[PDB]
Each structure stands twice: as C-alpha cells, then as structure tokens.
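Scroll down for the structure; my scribbles are underneath it.
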Amino acid sequence: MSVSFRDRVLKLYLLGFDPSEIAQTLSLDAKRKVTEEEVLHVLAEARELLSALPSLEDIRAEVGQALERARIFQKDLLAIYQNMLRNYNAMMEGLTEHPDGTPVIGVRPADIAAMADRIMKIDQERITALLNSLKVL
Amino acid sequence: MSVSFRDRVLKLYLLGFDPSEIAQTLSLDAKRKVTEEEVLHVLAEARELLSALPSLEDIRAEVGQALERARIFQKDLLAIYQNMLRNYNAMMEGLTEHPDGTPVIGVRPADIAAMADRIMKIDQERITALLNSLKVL
Amino acid sequence: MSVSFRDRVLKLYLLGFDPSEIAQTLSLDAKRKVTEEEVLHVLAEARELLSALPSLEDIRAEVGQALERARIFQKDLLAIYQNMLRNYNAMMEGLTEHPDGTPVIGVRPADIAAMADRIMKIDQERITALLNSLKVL
Amino acid sequence: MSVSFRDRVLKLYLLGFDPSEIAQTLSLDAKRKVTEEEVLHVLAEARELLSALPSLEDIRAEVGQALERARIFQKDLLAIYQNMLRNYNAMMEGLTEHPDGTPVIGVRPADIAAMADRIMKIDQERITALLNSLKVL
Amino acid sequence: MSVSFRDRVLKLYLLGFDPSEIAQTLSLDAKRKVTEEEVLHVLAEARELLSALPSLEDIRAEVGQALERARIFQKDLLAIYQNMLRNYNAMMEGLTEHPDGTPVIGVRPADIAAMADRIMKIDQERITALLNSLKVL
Amino acid sequence: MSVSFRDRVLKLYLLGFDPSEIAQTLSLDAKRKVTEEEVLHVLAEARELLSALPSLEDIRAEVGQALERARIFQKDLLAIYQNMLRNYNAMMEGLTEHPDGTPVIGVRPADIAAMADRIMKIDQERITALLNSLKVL
Amino acid sequence: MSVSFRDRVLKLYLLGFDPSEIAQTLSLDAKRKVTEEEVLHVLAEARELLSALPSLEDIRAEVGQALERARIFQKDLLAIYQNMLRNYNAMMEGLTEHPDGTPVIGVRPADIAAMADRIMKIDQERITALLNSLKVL
Amino acid sequence: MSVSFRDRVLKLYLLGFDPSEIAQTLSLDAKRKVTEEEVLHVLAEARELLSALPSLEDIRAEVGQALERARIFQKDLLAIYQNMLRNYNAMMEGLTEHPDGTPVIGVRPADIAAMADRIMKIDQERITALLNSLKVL
Amino acid sequence: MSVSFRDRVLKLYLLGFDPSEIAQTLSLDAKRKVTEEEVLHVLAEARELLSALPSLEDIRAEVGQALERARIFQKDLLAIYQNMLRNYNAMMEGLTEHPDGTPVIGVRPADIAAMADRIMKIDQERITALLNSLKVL
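From first to last, the protein sequence lines stand for chains A, B, C, D, E, F, G, H and I.
If you count the first sequence from 1, position 12 lands on 34 in the numbering used here, and the numbers rise without skipping.
If you count the second sequence from 1, position 126 lands on 148 in the numbering used here, and the numbers rise without skipping.
If you count the third sequence from 1, position 48 lands on 70 in the numbering used here, and the numbers rise without skipping.
If you count the fourth sequence from 1, position 119 lands on 141 in the numbering used here, and the numbers rise without skipping.
If you count the fifth sequence from 1, position 39 lands on 61 in the numbering used here, and the numbers rise without skipping.
If you count the sixth sequence from 1, position 117 lands on 139 in the numbering used here, and the numbers rise without skipping.
If you count the seventh sequence from 1, position 29 lands on 51 in the numbering used here, and the numbers rise without skipping.
If you count the eighth sequence from 1, position 47 lands on 69 in the numbering used here, and the numbers rise without skipping.
If you count the ninth sequence from 1, position 3 lands on 25 in the numbering used here, and the numbers rise without skipping.
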C-alpha cells in the first residue's frame with residue numbers, strides 16, 4: 023500500500039477505470055480482496071501529492087531533459103536522412119539494388135525536403151527553448 | 023435517489039435524452055416506475071451542484087493530473103517509436119521477418135518523423151503548463 | 023397552445039419551414055386545423071422569450087455542464103485508446119485473432135498518436151475553461 | 023403587389039436574375055403581363071426597406087435564435103454519437119449484425135473523435151456567445 | 023451608346039478583351055462597324071463613373087442585401103440537412119429505399135457534422151455583421 | 023518604336039526572356055533586324071515609366087473596377103448554384119435525366135455548401151473594401 | 023573576365039557548385055584552363071557588388087514591374103476562365119464536342135470557383151501594393 | 023561508471039525504460055549485475071548536470087551550428103533541383119532515357135515549385151536567425 | 023589538418039557521426055590512422071570559429087545573394103509557365119502532339135493558377151526583403 027500499490031491505483035485511474043474496477047483488477051493481483059474504500063482513500067491521498075507546486079530548479083530539470091530528447095532524435099533522423107539520400111542517388115542511376123545487394127526503395131524528392139525541414143525544426147527548437155531558459159530563469 | 027440514481031440521471035441527460043426517456047429507461051432499472059417529475063427534480067438539483075465555482079487548489083489538482091496523463095502517453099509512444107524504428111532498419115536490410123520470426127511491417131521515413139514530432143510536442147507541453155502553474159498560481 | 027405546441031412551433035420554425043407549412047403539419051397533429059395566424063402569434067411570442075438576457079449564475083450552469091460533457095467523452099475515448107492499443111500489440115505479434123478469438127483490426131502507429139492528442143486536448147480544455155470561470159466570474 | 027409579389031421579386035433578384043427575366047417569369051405567374059418598370063419600382067422600393075438599421079433588442083432576437091439552433095443540432099449529433107458508438111463496439115466483437123438484426127456499419131476510431139470534437143465545439147459556442155450577449159448588450 | 027452599349031463595353035473589358043476585340047465583337051452586334059476609339063472613349067468615360075465614392079447609406083444597402091443573401095441560403099441548407107438526416111436513419115435501418123420508393127443515398131456521420139457547421143457559421147455571420155452595422159454606422 | 027514595340031518589348035521581358043531573345047523574336051517581326059541595344063534602350067526607358075507613383079484618384083479606379091469584377095463573377099456563380107441545386111433535387115428523386123432530357127450529374131451535399139460559402143465570401147468582400155474606400159480615401 | 027564570365031561564375035556558384043567545379047566546367051568553355059583562384063577572385067569581387075544597398079527609386083522599379091507581372095497573368099487566366107466556363111455549359115447540355123468539333127473536357131463547379139478566387143486575389147494584390155507604394159514611398 | 027555508463031543510463035532512460043529494465047539490459051553488458059540503486063543514483067546525478075543553465079557564448083555555438091546545418095542541406099537540395107530540372111526537360115522532349123542511358127523519371131511542374139520554395143525558405147531562415155544573433159546577442 | 027581536414031571533420035560531424043566514426047572514415051582517407059583526440063581537438067577548435075558574430079555588411083552579403091537566388095528561379099519558372107501554357111492550348115484544340123511532333127501533356131487549369139501564384143509570391147518576396155534592407159540596415 024506504499025509503492026507498487028499507490029502507483030498502480032493512480033495509473034489505472036488515469037486510464038479511465040472507475041474505482042470499482044480498480045479494486046477488482048487488483049483484488050486478484052496480490053491480496054485476497056481490495057475494498058473500494060481502500061482504493062478511494064489512495065486516490066484522494068495521491069491527489070494532494072499531485073496538487074503540489076514545482077520549484078524553479080524543478081522546471082530546469084525537464085528543460086534539460088527536453089533538449090536531450092531532441093539530441094537523441096536528431097541522431098536517429100540524420101541516420102535516416104543519409105540512408106534515405108543513399109536511395110535517391112541509387113534510384114536515379116537505375117540500380118535496382120545497392121552494391122551491397124540490399125533493395126532500393128523509391129524516394130520522391132519532395133520527401134527528402136520533408137526530413138530536411140524536420141531536422142532544422144528541431145535544431146531551431148533548441149535555440150528558442152535554451153534562450154527562454156536564460157531569459158525566464 | 024442518492025448516489026447511483028443522481029449519477030445516472032445526470033449522465034443520461036448529458037447524452038441527450040429527454041426526461042421522459044430518462045424515466046422510462048430507469049423505470050425498469052430498479053423501481054416499478056420512475057415519474058418524470060422525479061427525474062426533473064434531480065436534474066434541477068444537480069444543476070446547482072455543477073453551478074459551483076472551483077477553488078485555487080482545485081485547479082491545481084487537474085494540472086497535476088493533466089501532466090501525469092502526458093507521462094503515461096510518453097511511455098506508450100516511446101515504446102512504439104523504438105519498435106517502429108526496429109521495423110525501419112529490418113525493412114531496409116530486406117528481412118521479411120525479424121530474427122524472432124515476427125513479420126516486418128513497412129514504415130515510411132516520413133512516418134517516423136511524425137512520431138518524433140508528437141513526442142517532443144508532449145514534452146514541450148509539460149514545460150509550458152508547469153510554468154503557467156508557477157506563474158498564475 | 024401552452025407546452026407541446028409552443029415548443030413544436032419554435033422547433034419546426036428553426037428547421038426552416040415557413041409558417042404555412044408549420045400550420046399544415048400541425049393541422050393534422052391534434053386539432054382539426056391550425057390557422058397561420060395561430061402559428062405566427064406564437065413565433066412572435068416566443069421570439070421575446072428567447073430575446074431575454076442571461077444571468078451570471080445562468081452562465082455558470084453551462085460551464086458546469088460543458089466540463090461534464092468532457093468527462094463523459096474521456097471515459098469513452100480512453101476506453102477506445104486502451105482497446106486500440108490492444109490491437110496494435112496483437113497485430114505486431116502476428117496474431118490474426120485475440121486470445122478471446124475476437125478479430126484483430128489493423129491500426130497504424132500514427133493513428134494512436136491521433137487519439138493521444140484528442141485526449142490531452144480535452145484535458146487542456148478543462149484547465150482553460152475552469153480558470154476563466156474563476157477569472158471572469 | 024403587396025405581399026406575395028414584393029417577396030417574390032426580391033427573392034428572385036437575389037438569386038441573380040436581371041429584371042427582364044423577373045418580369046417574364048412573373049408575367050405568366052398571375053397577371054397577363056408584368057412590365058419591367060413594375061419590377062424595377064419594387065426593387066428600388068424594397069432596397070430602402072432592407073437599408074434600415076436594426077435595434078438593440080432586434081439583435082437579441084437572433085442571438086436567442088442562434089443558440090436555439092445549436093440545441094436542436096446537439097439533439098441530433100448526440101443521437102448519432104450514441105448510435106455510432108453502438109456500431110464501434112459491435113464491430114469489435116465481430117458481430118456482422120446487431121441483435122436487432124440491423125447491419126453493422128464500419129466506424130474508425132478517429133471518426134468518433136471527430137464527432138466528439140464537433141459537439142464540444144457547439145457547447146463552447148454557447149458559452150462564448152452568451153457571455154458576449156451579457157458583455158455587449 | 024447610352025445603356026446597352028456602355029454596359030456591354032464595360033462588361034466585355036473586365037472579362038479581359040483588348041479594345042480591338044471589343045470593337046470587332048460589337049462591330050457585328052448592331053451597327054455596321056464600331057471603331058476602336060468609339061470603344062476606348064466609353065472605357066475612359068465609365069472609368070470615372072466607377073471611380074466615385076460611396077455614401078454611408080449606400081453601404082447600408084449591401085449589408086442589408088448581404089444578410090438577406092444568408093437567409094435564402096439557410097432556407098436551402100436546412101432543407102438539405104433535414105433531407106440528408108432522413109437518409110442517415112433509413113440507411114441505418116437497412117432500407118434500400120424510402121417508404122416513398124425513392125432510393126437511399128449513403129451519408130457518413132462526419133458529413134452531417136459538416137452541414138451542421140456550415141449553418142451555424144452563417145447564423146454567426148448575421149450576428150457579427152449586424153453588430154458592426156450598429157457599431158460603425 | 024512607339025506603341026506596338028514598346029509594349030511588346032516590355033511584355034516579352036516580363037515573361038522572362040533575355041534581351042538577346044527579345045531582339046531575335048522581334049528581328050523577324052517587322053524589321054530586318056533589331057539590335058540588342060535597341061531593345062535594352064526601351065527596357066531602361068519603360069523602367070522609369072513604371073517607376074512612377076500613383077494618384078489618389080488613380081487608386082479609386084481599381085477599387086471601382088475590383089468590385090465590378092466581383093459582380094460579374096456573382097452573376098456566374100449564382101447561375102451555377104441554381105443550376106447545381108437543380109441537379110441535387112433531380113438526383114434525389116431518382117431521375118436519370120431532367121424533364122428536358124438533359125443528363126443529371128451527381129452533386130454531393132457538401133459541394134453545394136462550398137458554392138454557398140464562395141458567394142457570401144465575395145459579398146463580404148464588397149462590404150470590407152467599400153468601407154476601406156470610405157475610410158482611407 | 024568582364025561580362026560573360028563574371029555572370030557565369032556567379033550564376034554557377036548560386037546553383038551550388040564548389041569553385042573547383044566552376045573552374046572545370048569553364049576550363050573547357052573558352053580558355054585552355056581556368057584556375058580556381060581565377061574563379062575565387064571573381065566570387066569575392068561580385069560579392070561586394072551584390073552587397074550594395076538599393077535606392078528609393080530602385081525599389082519603385084520592381085513595384086512597377088511586379089504589378090505589371092500581375093496584368094500579364096490576368097490576361098491569361100481570364101482567357102482560361104472564359105474558355106473553362108465554355109466547357110461547363112457544353113458539358114451540361116450533353117454535347118460531347120463543341121460546335122467547332124473540339125472535345126469537351128469535364129469541369130467541376132468547384133473548379134470554376136477556384137479560378138474565380140485566383141483572379142480576385144490578384145486584383146486585390148494590385149490595390150494593396152499600390153497603396154503601400156503611395157504610403158511608404 | 024564514468025563515461026560509457028553515465029551516458030548509457032541517461033540515453034536508455036530517455037527512450038522510456040524504467041530503471042529496472044535499464045539495470046537488466048546493462049546487467050549483461052559488462053558487469054555481472056547492475057543493481058537498480060546503481061542505476062537510480064546515476065539518473066539523479068545526471069539530472070542535476072542537465073539542470074544547469076547555458077552561457078551567452080554557449081547559445082552562440084548552436085546558432086553557429088544551426089546555420090551550418092542549413093548550408094549542408096542547400097548543397098543537397100540544389101543538387102537535387104538541378105537534377106530534377108534535368109528530368110523535366112527530357113520528359114518534355116519525349117526522351118525515355120537521358121543521353122547517358124539513365125532512365126527519365128516523371129516530374130510534375132508543381133513539384134519543381136515545391137523544391138524552389140524549400141530552398142528560398144532555408145535562405146530566408148539564415149537572414150532571420152543571423153539578424154537575431156546580432157540583435158539579441 | 024588545415025583545409026581539407028578541418029572542413030571534412032566539421033561536415034561529417036554535422037551529419038551526425040560520433041567522433042569515433044569520424045576518425046575511422048578518415049583513418050583510411052589519407053593518413054595511416056587518425057586518433058579520436060585528433061578529431062575532437064578540431065571540433066572544439068572549429069566550434070569557436072562558428073561561435074563568432076556577424077558584421078552588418080556581412081548580413082548584406084546574404085540578402086544580396088538571397089534576392090539573386092530568386093531571380094535565377096524566376097528564369098526557370100517563367101520558362102515552365104510559358105511551356106506549360108503551351109500545353110494547355112494544344113490540349114484544348116485536341117492536338118495529341120505539338121506541330122513540332124513533341125507529345126502534349128495534360129495540364130489542369132487549376133495547375134496553371136498554382137504556378138502563377140508561385141511566381142508572384144517570389145516577386146513579392148523581393149519587395150519585402152529589399153525594403154527591410156533599407157529599413158533595418
């Protein structure tokens with residue numbers, strides 16, 4: 023009723039189950055039975071936990087993490103963009119397969135422009151959010 | 023006429039039934055019959071319940087819950103994004119199936135960029151709403 | 023000419039019937055005949071009923087009801103989202119049917135991101151409208 | 023030349039007929055013939071009728087009627103939404119027909135989210151327009 | 023060179039004919055020939071007619087007529103909307119034809135929501151334009 | 023080198039021909055040959071003609087003509103809209119042909135709403151531009 | 023190294039060739055060879071030519087030319103619009119060919135509304151840009 | 023626990039693994055086992071690393087790099103645009119293959135206008151971001 | 023380690039290779055081997071090169087070049103627009119081929135309006151950017 027129960031009742035409530043069903047699914051989890059009031063006590067308890075206010079350094083944690091979310095995605099998209107631009111040249115020469123024998127998938131030229139715009143969008147998002155971190159905080 | 027009746031008459035009204043039909047569907051629910059005035063008394067009664075004003079800590083409850091709605095969805099989408107990026111590499115190599123024998127589903131490169139944008143949208147929504155929670159409240 | 027007539031003449035007028043046709047459809051409803059002036063008197067009468075101004079607590083009634091419209095819809099969409107995310111995992115494993123024998127319907131990964139965005143849109147609408155209820159009223 | 027003629031000449035002009043054709047179509051309506059100047063006199067006459075200014079209570083008439091237009095449409099869409107959500111559950115179970123024998127029509131989950139957004143759009147339109155009625159008027 | 027010539031030369035010019043072709047098409051209309059200078063004199067003459075400024079009551083004429091354009095269109099769309107909502111119920115019951123024997127045309131539920139939004143758009147346009155007529159004029 | 027040459031060199035330049043090609047196409051037009059400097063002198067000459075500033079009554083000429091462009095187009099679209107709404111009723115009754123024997127072309131109900139919106143857009147453009155003509159000028 | 027070389031090196035650079043390739047393509051153009059420094063000297067030279075500032079009458083040249091670009095395009099589109107509206111009437115009558123024997127191409131009514139909107143967009147662009155020419159300059 | 027471990031635990035956490043799974047995947051990486059507290063200590067440690075604030079010269083690093091991201095992409099798109107405009111001319115002449123024997127791929131004229139707009143979008147992004155670098159910094 | 027190495031390490035880094043792979047690809051380029059610290063020294067060195075600030079005349083260089091990018095593209099699109107408008111007239115007459123024997127490609131009338139809008143967009147971009155060059159600089 024401390025860690026893996028207070029987490030589970032909160033997570034199962036936010037996916038839209040009434041506290042009757044939250045009890046019945048957890049009635050067979052570990053215990054013999056879980057009463058509805060046992061569920062409903064935790065939901066009101068965890069409500070006030072979530073009702074707290076952040077700190078100024080607490081906000082700096084996500085803005086640190088959100089920009090690092092971006093850099094992981096740019097390592098993925100630039101790997102795609104190079105490997106998509108590979109298929110555009112090999113399609114143009116008429117090669118049905120790459121020299122590695124791997125198949126050549128068709129890529130339109132307006133599709134490469136889409137992935138170019140996605141990358142520079144992310145790179146522009148770093149500059150804007152980092153500047154607001156300096157400005158607001 | 024206290025809990026499972028006042029809830030039901032309100033929920034059935036907001037789905038757009040006239041109080042005649044709300045009576046007739048609940049005429050066979052528990053009682054022998056439910057009069058229309060018995061229904062219409064509750065709807066005017068629960069109208070003033072809903073007409074109340076929130077509190078400042080009451081608003082902090084949803085903003086706590088709305089950001090926690092986000093974190094449950096990011097645990098889902100990042101699980102998709104990894105398992106979608108798995109299918110992109112295995113399609114490129116020409117593997118009809120994964121080494122686990124599971125089939126390989128085709129994924130366009132502009133589709134991965136869509137799921138990348140959905141995730142960083144949610145992550146940006148946490149920063150904006152949490153800052154307004156500090157600013158307004 | 024009190025309840026089920028003044029309602030009917032107003033509702034039939036706003037669906038775009040001239041008062042001649044409003045008379046003729048209601049000429050065979052209950053009475054032997056309904057004159058056009060009998061119809062047109064009620065429309066001018068109910069015009070001034072609708073021309074009234076609301077009260078400040080009257081506006082609080084809909085804002086109470088509009089947010090409760092949202093919570094009924096989130097109970098529906100989250101039930102879909104869980105049962106749509108069920109079909110995505112079972113499609114990935116290659117199961118043509120669920121272990122319950124029910125068929126597996128194909129779900130694209132960009133479709134799950136659509137239902138994720140609809141839910142958090144509604145949840146953000148509660149925060150904005152409830153805050154304006156505190157601010158304006 | 024009083025009621026059913028001044029209405030007809032105005033309505034036929036605004037559908038884009040020159041006053042020659044307005045005469046000729048009404049030349050065979052009731053009279054032996056209708057001269058063009060007989061038509062053109064009425065159009066200049068009814069021009070100044072339409073050129074009048076509204077009153078403040080006159081504007082309150084439509085704002086009363088426009089919100090009542092909304093409530094008639096919500097009685098229709100919520101009837102659709104329930105009867106569309108019926109088809110989604112019965113499609114999921116694999117029932118080709120309903121237990122009433124009626125056919126089951128396919129509904130995508132992103133389509134239910136469309137009708138959910140249409141309803142709460144209308145409900146939000148009531149709050150905005152009613153508040154402006156209190157604010158401006 | 024007064025009415026049906028000054029109108030024709032202006033209308034034919036604004037559809038993008040050079041004054042040579044305006045002459046030649048009207049060279050065979052009524053006269054033996056029409057010189058280019060005869061055309062070009064009228065175009066410069068009617069230019070200054072169009073170059074005039076409106077009056078304040080002149081603007082009130084169109085705003086009267088523009089709102090009456092709306093009411094003619096709402097009489098059409100509401101006639102469609104009722105007769106489209108007829109086909110939705112009869113499609114749902116499985117009736118290939120109406121009880122009148124007329125065929126049943128398929129209507130998607132998101133299509134009814136489109137016509138609902140068009141109507142309330144027009145009704146909202148009356149309130150905005152009529153209020154500006156009171157405000158500006 | 024006065025009228026039909028200074029017009030032609032300007033029009034052919036703005037369609038993107040270098041002055042070499044402007045010379046060569048006009049080298050065979052009338053003269054034996056046209057030198058490049060003969061072309062390039064006119065382009066610099068007509069450059070300063072276009073570089074002039076308008077007058078206040080000069081701007082009133084187009085605003086007169088632009089609104090008259092609108093009225094010609096509304097005479098066309100309203101002729102379409104009536105003749106499109108003819109095909110919608112005759113399709114609904116099941117008539118493969120009109121009583122004139124002309125074929126019946128299929129019209130969706132959302133298409134009629136498109137032409138309704140185009141017309142009232144144009145009618146709203148007259149009110150806005152005419153008011154700015156009174157306001158600015 | 024004066025006219026047809028300084029133009030060519032600038033035009034070939036802005037299409038994205040490194041100065042090595044600009045040399046090699048022009049190595050076989052006229053001369054025996056063109057060194058890279060011969061290319062790179064011109065690019066730095068023409069850089070400062072482009073780095074100059076305009077004059078106030080210089081800006082009036084393009085605004086003169088940009089509006090004249092519009093009038094050439096309206097002579098084209100109005101020629102299309104008349105010849106597209108020809109095909110709409112002849113399709114409606116059922117004529118597979120025109121009386122000239124030319125084929126009849128199918129035109130939807132929403133397509134004519136597109137070309138109507140393009141023309142009045144251009145005509146509105148003349149009024150806005152010409153007024154700014156009076157206002158700014 | 024210094025470089026290739028603190029990087030890996032952070033990168034694997036931001037892809038949405040709970041610290042139990044981060045331990046188990048790295049339990050077989052190098053060590054015999056990695057405890058959950060060993061993982062969770064690093065995540066709280068690296069949280070404060072990311073929680074730091076940037077410097078003013080630190081922001082100048084990305085704005086330098088973001089504009090250099092643009093120039094690499096323009097070297098790619100201009101190479102496409104020339105080699106796409108090659109296929110448009112050769113398609114127009116009717117050449118199924120290029121004179122090099124390479125196949126001719128079909129290009130619509132509205133597609134070339136898309137790549138033209140992408141390039142000048144990027145070129146306009148350099149001017150805006152570089153000016154803000156002068157303005158803000 | 024001066025020109026073709028500092029350029030290559032920077033360009034290969036911005037395409038998203040870790041400095042290990044930047045070393046290994048350049049380990050076989052010219053030298054026997056390239057250490058990772060040899061790579062990582064240059065990346066930190068070139069970081070401060072990119073971290074510099076522009077000059078006011080430096081910004082005038084791109085704005086000169088960006089407008090000249092436009093004029094090269096208008097020479098291309100106007101060449102397309104004339105040669106697309108050629109195919110529209112020849113399709114209308116029914117000519118399967120041009121008098122030159124070249125094939126006639128089908129062009130919709132709404133497609134010509136697209137290329138008309140692209141050109142006047144570019145021409146409007148010259149006026150706006152050149153005016154800001156006078157205004158800001």
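The beta-carbon is built from N, C-alpha and C at its ideal position, and this holds for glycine as well.
> Skipping 5 residues on each side, what residues in its chain have a beta carbon closer than 8 Å to that of residue 131/E?
Replying inline: Within the fifth sequence, numbered from 1, the residue matching residue 131/E stands at position 109. Answer for residue 131/E: 110, listed in chain order.
> Buried or exposed: residue 104/D, going by 16 or more other Cβ atoms within 10 Å of its Cβ?
Replying inline: Here residue 104/D refers to the residue found at position 82 when the fourth sequence is read from its first residue. So residue 104/D counts as exposed.
> From 133/D, 115/D, 134/D, pick the residue whose C-alpha is nearest to that of residue 126/D; which is it?
Replying inline: Walking along the fourth sequence from the start, residue 126/D turns up at place 104. Checked all of 133/D, 115/D, 134/D; the closest Cα to residue 126/D is 115/D.
>> Give me the chain D residues within the contact set of residue 101/F, using Cβ-Cβ distance strictly less than 7 Å, ordered along the chain.
In response: Within the sixth sequence, residue 101/F is the residue found at index 79, counting from 1. In chain order: 38.
>> Please confirm whether residue 104/F has its beta-carbon closer than 8 Å to some beta-carbon of chain D.
In response: What you label residue 104/F is simply residue 82 of the sixth sequence in a count that begins at 1. For residue 104/F, the answer is yes, since a Cβ of chain D falls inside 8 Å of its Cβ.
> Mapping DSSP to helix, strand and coil, what is residue 131/I?
Replying inline: Within the ninth sequence, the letter at position 109 stands for residue 131/I. If DSSP states are grouped into helix, strand and coil, residue 131/I belongs with the helices.
> When the Cα of residue 122/G is compared with those of 128/G, 129/G, 112/G, which residue comes out closest?
Replying inline: As a position in the seventh sequence, residue 122/G is number 100, starting the count at 1. Ranking the options by Cα distance to residue 122/G, first place goes to 112/G.
>> Can you pull the chain K neighbours of residue 115/E, defined as C-beta to C-beta under 8 Å?
In response: Looking for chain K here will not work: the only protein chains present are A, B, C, D, E, F, G, H and I.
> Listing by chain order, which chain G residues have their CB less than 7 Å from the CB of residue 145/I?
Replying inline: Reading the ninth sequence from its first residue, position 123 is the one you call residue 145/I. Neighbours of residue 145/I in chain G, taken as residues whose beta carbon is under 7 Å from its own, are 88, 91 in chain order.
> Which residues of chain D have a Cβ atom closer than 8 Å to the Cβ of residue 156/E, listed in chain order?
Replying inline: Residue mapping note: residue 156/E aligns to position 134 of the fifth sequence, counting from 1. Within chain D, the residues near residue 156/E are 75, 76, 78, 81.
> Of all the alpha helix (DSSP H) runs that stay within the bounds of the region 28 to 96 of chain D, which reach a length of 4 or more residues?
Replying inline: 28 to 36, 41 to 49, 58 to 72
> Quick check: the region 77 to 88 of chain F against the region 67 to 79 of chain E, are there 3 or more CB pairs under 8 Å?
Replying inline: yes
> Does the region 27 to 39 of chain E touch the region 95 to 104 of chain G, meaning 3 or more C-beta pairs lie closer than 8 Å?
Replying inline: yes
> What separation, rounded to the nearest whole angstrom, lies between the Cα atoms of residue 32/E and residue 53/D?
Replying inline: As a first step, residue 32/E must be located in the fifth sequence, where it is residue number 10. As a first step, residue 53/D must be located in the fourth sequence, where it is residue number 31. So the alpha carbons of these two residues sit roughly 35 Å apart.
>> Distance check for residue 28/D and residue 141/F, CA to CA, integer angstroms please.
In response: As a position in the sixth sequence, residue 141/F is number 119, starting the count at 1. As a position in the fourth sequence, residue 28/D is number 6, starting the count at 1. The straight-line gap from Cα to Cα measures roughly 24 Å.
>> Do residue 88/A and residue 160/A count as a contact pair if the criterion is CB distance below 8 Å?
In response: Only positions 23 to 159 of chain A appear in this structure, which leaves residue 160/A out of reach.
>> Please classify residue 24/C as buried or exposed, where buried requires at least 16 other C-beta atoms within 10 Å of its C-beta.
In response: The residue labelled residue 24/C in the question sits at position 2 within the third sequence. Residue 24/C comes out exposed.
> Any residues in the region 108 to 140 of chain G with a beta carbon nearer than 7 Å to a beta carbon of chain I? Which ones, in chain order?
Replying inline: 124, 125, 133, 136, 137, 140
>> Taking the straight line between their C-alpha atoms, what separation do you get for residue 158/G and residue 156/I?
In response: In the seventh sequence, the residue the question calls residue 158/G occupies position 136. In the ninth sequence, the residue the question calls residue 156/I occupies position 134. About 12 Å.
>> At the level of alpha carbons, what is the spacing between residue 153/C and residue 147/C?
In response: On the third sequence, residue 153/C is found 131 positions in, with the first residue counted as 1. On the third sequence, residue 147/C is found 125 positions in, with the first residue counted as 1. Rounded to the nearest whole angstrom, the CA to CA distance from residue 153/C to residue 147/C is 10 Å.
> Can you tell me whether residue 128/D is buried or exposed, with buried defined as 16 or more other CB within 10 angstroms of its CB?
Replying inline: Along the fourth sequence, one-based indexing puts residue 128/D at 106. Its Cβ having fewer than 16 others within 10 Å, residue 128/D is exposed.
> Would you say residue 148/F reaches chain E, if we count a Cβ-Cβ gap shorter than 8 Å as a contact?
Replying inline: The residue labelled residue 148/F in the question sits at position 126 within the sixth sequence. By this cut-off, residue 148/F is an interface position.
>> I want to verify the contact list: residues of chain G whose CB lies under 9 Å from the CB of residue 182/I, in sequence order.
In response: Because chain I spans 23 through 159 in this model, residue 182/I falls outside it and cannot be assessed.
>> Quick check: what's the CA-CA separation for residue 26/B versus residue 120/D?
In response: As a position in the second sequence, residue 26/B is number 4, starting the count at 1. As a position in the fourth sequence, residue 120/D is number 98, starting the count at 1. Going by C-alpha positions, residue 26/B is about 28 Å away from residue 120/D.
> So, are the CB atoms of residue 34/A and residue 47/A less than 8 Å apart?
Replying inline: The residue given as residue 34/A occupies position 12 in the first sequence. The residue given as residue 47/A occupies position 25 in the first sequence. For residue 34/A and residue 47/A, yes; Cβs fall inside 8 Å.
> Counting only beta-carbon atoms, is residue 95/D nearer than 8 Å to chain E?
Replying inline: Numbered from 1 along the fourth sequence, position 73 holds the residue referred to as residue 95/D. Yes, residue 95/D counts as interfacial toward chain E.
> With a CB to CB cut of under 6 Å and the five nearest residues on each side skipped, what residues in its chain are close to residue 106/F?
Replying inline: The residue given as residue 106/F occupies position 84 in the sixth sequence. Taken in chain order, the residues that qualify are 129.
>> Measuring only the C-alpha atoms, how far is residue 117/H from residue 49/G?
In response: If you number the eighth sequence from 1, residue 117/H lands on position 95. If you number the seventh sequence from 1, residue 49/G lands on position 27. Between residue 117/H and residue 49/G, the C-alpha separation is close to 29 Å.
>> With a threshold of 8 Å on Cβ separation, who are the neighbours of residue 68/B within its own chain once the five nearest residues in sequence on each side are excluded?
In response: Position 46 of the second sequence holds residue 68/B. Excluding residues within five positions, the ones whose Cβ falls inside 8 Å are 28, 31, 32.
>> With distance defined between alpha-carbon atoms, name the residue in 58/C, 108/C, 150/C nearest to residue 134/C.
In response: Taking the first residue of the third sequence as position 1, residue 134/C is located at position 112. Among 58/C, 108/C, 150/C, the Cα nearest to that of residue 134/C belongs to 108/C.
>> Could you check whether the Cβ of residue 69/D sits closer than 8 Å to any Cβ belonging to chain E?
In response: Working through the fourth sequence from its first residue, we reach residue 69/D at position 47. Closer than 8 Å to some Cβ of chain E, the Cβ of residue 69/D qualifies, so yes.
> With 16 other CB atoms within 10 Å as the buried threshold, where does residue 59/D fall?
Replying inline: The residue given as residue 59/D occupies position 37 in the fourth sequence. Classification of residue 59/D: exposed, given that the 10 Å Cβ count is below 16.
> Taking the alpha-carbon positions, what's the residue 43/F to residue 139/B distance?
Replying inline: Here residue 43/F is taken as the residue at index 21 of the sixth sequence, counted from 1. Here residue 139/B is taken as the residue at index 117 of the second sequence, counted from 1. Taking the straight line joining both Cα atoms gives about 50 Å.
> Does residue 159/G come within less than 8 Å of chain F when only Cβ atoms are used?
Replying inline: Taking the first residue of the seventh sequence as position 1, residue 159/G is located at position 137. Yes, its Cβ sits closer than 8 Å to a Cβ of chain F.
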